[PDB]
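>>> Here's my sequence, what's the structure:
(chains A and B)
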Amino acid sequence: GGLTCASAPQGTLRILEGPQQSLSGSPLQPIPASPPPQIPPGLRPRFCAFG
Amino acid sequence: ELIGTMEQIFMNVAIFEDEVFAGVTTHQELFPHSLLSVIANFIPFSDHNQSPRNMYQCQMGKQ
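Numbers count the residues shown, from 1 in each chain, chains lettered A, B, ... in the order given. Please find the structure below.
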């Protein structure tokens, strides 16, 4: 138990978690565009001129 | 996702479905008129008005 000074280390291992990327890199999934306003069907001339 | 104010300036959100490009836009807004207030969303057809006339309506809508 003299606890002498040992030599300098050769290198460094570093352990850390890696993320999973099987999900991302996929084609994007955007929010679907709301439709442009379309005229309602069944619009008729309700007003007829008097006389 | 909830993004913040400093976080927004490094993101490329898109406004419409057409503006989404792969590898460019990371995010997209919920609906294109989400840049406006509660009160400023009560102005009809506000993208056809001049902008001081929309600023005046937000004031005189409250009077």
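>>> for chain B, what spans make up the helices?
Ranges of helices in chain B, per DSSP state H, are B:5-8, B:51-60.
>>> and of these, who's closest to chain A?
helix B:5-8 (17.7 Å; CB to the nearest CB). C-beta coordinates here come from the backbone N, C-alpha and C atoms, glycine included.
>>> What parts of chain B come near chain A?
With CB under 8 Å from any CB of the partner chain as the criterion, chain B meets chain A at residues B:14, B:16, B:17, B:18, B:20, B:22, B:25, B:28, B:30, B:31.
>>> Need the residue closest to the centroid of chain B.
Nearest to the centroid of the C-alpha atoms of chain B, with distances taken as CA atoms, centre = their mean, sits residue B:35, at 2.1 Å.
>>> ok, that residue - contacts?
Not one residue lies near residue B:35 by CB atoms under 8 Å, 6 or more residues apart in numbering or on different chains.
>>> and the residues of chain B next to chain A, which two are the farthest apart?
B:22 and B:31 (22.0 Å; CB to CB).
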